[PDB]
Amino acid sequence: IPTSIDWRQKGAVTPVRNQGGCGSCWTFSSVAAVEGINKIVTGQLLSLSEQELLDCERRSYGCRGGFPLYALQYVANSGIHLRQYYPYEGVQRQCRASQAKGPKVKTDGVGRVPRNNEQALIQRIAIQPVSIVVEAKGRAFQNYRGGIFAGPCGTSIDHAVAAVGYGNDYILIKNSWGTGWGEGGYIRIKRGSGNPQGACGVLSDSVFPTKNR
């Protein structure tokens, strides 16, 4: 694998989103992962509907939180519509999937990275973007502006985000707090933490969509 990778520089990452006040991070990280594998295997970069997951993925709780694993299973079972045909409202409404216009992206399955294993996560990011988790509630994380973030942060994971790259000392992560946070919406989290769960719990729980060429 390469010493560094950046899926943005392979055209597999869409612009940064802003989830707003809604506790919908689980829809953003999962969609970013799906957009990534879809570009990798089809050649097209599409912007996909977080709102569809928010409304339609029954085992999650809309703006009250959710489960990236189940979001990815939904995409493998039902597919997902384009954002432009099922736009983000930042509030849960009735599922309108069957009424949405336009094409669908359908994946074939879901994989899981062996947890608390930095090399396993890096190896997976070398292949595709990954939906991961971090503890984002800390003031240092909330106030992050740039550079390599090492903390202070605990490992009580609370926020789903998408890993879209790495380099020797960092994992590169697409957050859903708009471009006004961090590095145009991105954060670099240090590799090589003393925590088995990694810095900010970044190694705690990582899943990804699978889709065949």
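Residue numbers here begin at 1 and follow the sequence given.
- Higher mean CA temperature factor, per the PDB entry, when comparing 98 to 106 with 76 to 84: 98 to 106.
- Look at the mean CA B-factor for 86 to 94 and for 124 to 132 in the entry; the higher one is 86 to 94.
- Ranking 175, 168, 47, 44 by Cα temperature factor from the entry places 168 first.
- Taking the deposited Cα B-factors for 60, 156, 179, 27, the highest one is held by 156.
- The entry lists a Cα temperature factor for residue 151 that places it in the highest third of the chain's modelled residues.
- Placement of the Cα temperature factor of residue 19 within the chain: middle third of the modelled residues, per the deposited record.
- For residue 200, the recorded CA B-factor ranks within the highest third of the chain. Only modelled residues enter the ranking.
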